[PDB]
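Two forms of a single protein chain come next, each set out by itself as structure tokens; they are called structure 1 and structure 2.
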Structure 1
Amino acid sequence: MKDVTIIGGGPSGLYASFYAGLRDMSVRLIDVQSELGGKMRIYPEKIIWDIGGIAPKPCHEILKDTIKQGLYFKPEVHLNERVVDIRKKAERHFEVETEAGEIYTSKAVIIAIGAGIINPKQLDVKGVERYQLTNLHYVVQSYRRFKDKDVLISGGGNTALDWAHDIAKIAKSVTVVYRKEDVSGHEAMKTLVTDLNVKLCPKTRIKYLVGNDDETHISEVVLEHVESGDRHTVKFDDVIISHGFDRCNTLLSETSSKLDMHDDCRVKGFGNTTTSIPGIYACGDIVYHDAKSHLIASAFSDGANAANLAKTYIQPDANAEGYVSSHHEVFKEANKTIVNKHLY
């Protein structure tokens, strides 16, 4: 029987996988996406600066390193598989069941599902290459940059509609294209509908992202009606791609085992990655504890803690923490080649 099943292949699940391997635990890693990376697959061309010890470079580049790390010890990896239920048969005996009916057994379970299912939108860029785009946004925090700008927002989820309203306060115009399979959320919509500089475009998708010359920005967007198929090209200064996150619609609402939940539908972490059920640990954006940050850095330190607690759960007399890698015997064979051949 596998030592631990890890649900979620984002940076938190990946590091948890690595550190569980560092602690000599057999690992099963499950993720619904066709590739590992979680939310990081949303913003591949973006330059990341705030990961500890990592000089700024594209997210997809850092992701490649993070994935490699998660797979050093070669865990049992299951992609394109969606967990729907978690069960505790007994102590050191858990069942993890997918929507396809597959049932996986483990002595422990690590939940690293972030905010739920990630399904990145496939953007088709013409004229420019995506890796050099500047006016393409996947999240809105500061919106002062959008002053007097013609802004496009894709997605009609509550968060996207909130962004639209805030941006509308100073933007020249805001256009929201979406499909109404998006929530869309009555209150967020009611607020937005009286922003008279906002155009709502239901049943509409982004077909093409177009930029001229060489340029490093999108200058115009080809929009397409989902039903009629009619297209028209509109110029924008900024394009914002929302994804629609709802932490309240994960499996944790309808599994066969209910962890205590934070009021925002995050798993209640008891000081750390410990949950209300012994043997189950939550790491990353899904868990709440006082030391949390919404950062990849925090996802990593959570992963370590989840692996440690899972290790001591399976084997109580084991060390509380893992051996530091600098003096860990498992890396020595590789270290000599790395040093001798200067593989860094």
Structure 2
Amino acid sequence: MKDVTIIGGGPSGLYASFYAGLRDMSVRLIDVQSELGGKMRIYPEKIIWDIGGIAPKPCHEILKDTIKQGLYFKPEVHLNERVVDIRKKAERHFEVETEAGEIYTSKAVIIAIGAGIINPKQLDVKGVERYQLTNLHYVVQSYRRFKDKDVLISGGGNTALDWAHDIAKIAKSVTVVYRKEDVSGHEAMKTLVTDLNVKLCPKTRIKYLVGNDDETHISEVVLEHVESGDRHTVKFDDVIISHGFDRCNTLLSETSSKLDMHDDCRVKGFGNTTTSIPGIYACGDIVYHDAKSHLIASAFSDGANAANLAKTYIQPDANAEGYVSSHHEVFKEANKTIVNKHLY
């Protein structure tokens, strides 16, 4: 039986998986998404400054480091699986169940679901689920691909307007279709007005997408004025959508094992990642305790704590904490090529 099932592969669950491995626990890691990272996947292009010990660089670069670390001890990773129940059969015997009916057993459970399940708002056009493999975007990880391109952005929110300005620096042109009701960034908009190669189209929506003959890429877009109904069709190289996010977090309200909650979104942590049920621990944005910050740094220290507390739940007389990695024997073989590279 697995020592611990970790539900959620954001920064907190990833680090928890790593530290659980450091404490010599077998790990099962589960996430509903097709990729790990959680909310970090929402802002890949943004420069992160406030992670301890890390010089500022794009979030997506930091995410890749965090995943590699999280998966170092080779946990059993279940992607594309939504957890819908947590049951405690007995001490050191838990059941975690997915919406597809899979049931996973463990001696402990770590809940790391953060803000829950989050996806970008899908463009309301049939049927465009194939263009998101190519030139229909819901994130922007870098701007390089847009050099000398004609680019369409849909949305008037801060994110869309910032994207528009930055992409316009190297793109041939940027067109922004939006509703004025969505515009909360007054200064961001004024900047776009002064960008010579940005065309602002208020009261305008994407109505249809025109695919190429291979039907694998967007070739043109049919735009519609929301009052006049006037339509025109314009060629674009890329289409970027920023319509907000769909959020879903039903697990802890529907679960068999009820935990004391801080609010309707957060588990009450008892001074740390300890929950109201022994054997279940909560780390990251999902938990509230007095030492929390809404930071990745806190998600990390939470993950160490959860792994430690799970270990001593499973082994009452195990060491309260993990051995420092610097002198940890589990890394001795792996350290060899690193030293050799760095010290010789």
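Shifts are known only where both forms have a C-alpha. So that the term is clear: the rigid core is the largest set of C-alpha atoms that superpose within 1.5 Å between two forms. Residue 1 is the first residue of structure 1, and the numbers go on in sequence order from there.
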_Entry of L79, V84, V193, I117 that shows, once the rigid core is matched between structures 1 and 2, a C-alpha shift of 2 Å or more_ = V193
*asked:* Following rigid core alignment, is the displacement of the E224 C-alpha between structures 1 and 2 equal to or greater than 2 angstroms?
replied: yes
*Would you say whether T255 is displaced between structures 1 and 2, judging by a C-alpha shift of 2 Å or more on the superposed rigid core?*
no
*Quick one: once the rigid core is lined up, does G269 have its C-alpha move by 2 Å or more between structures 1 and 2?*
no
*asked:* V339: how large is its C-alpha shift between structures 1 and 2, with the rigid core as the superposition reference, in Å?
replied: 1.3
*Core-referenced Cα shift (Å), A304, between structures 1 and 2*: 0.1
_After superposing on the rigid core, what is the C-alpha displacement of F245 between structures 1 and 2, in Å?_
7.7
*For residues common to both forms, which consecutive runs of 3 or more show C-alpha displacement of 2 Å or more between structures 1 and 2 upon rigid core superposition, listed in sequence order?*
120-250, 263-265, 341-344
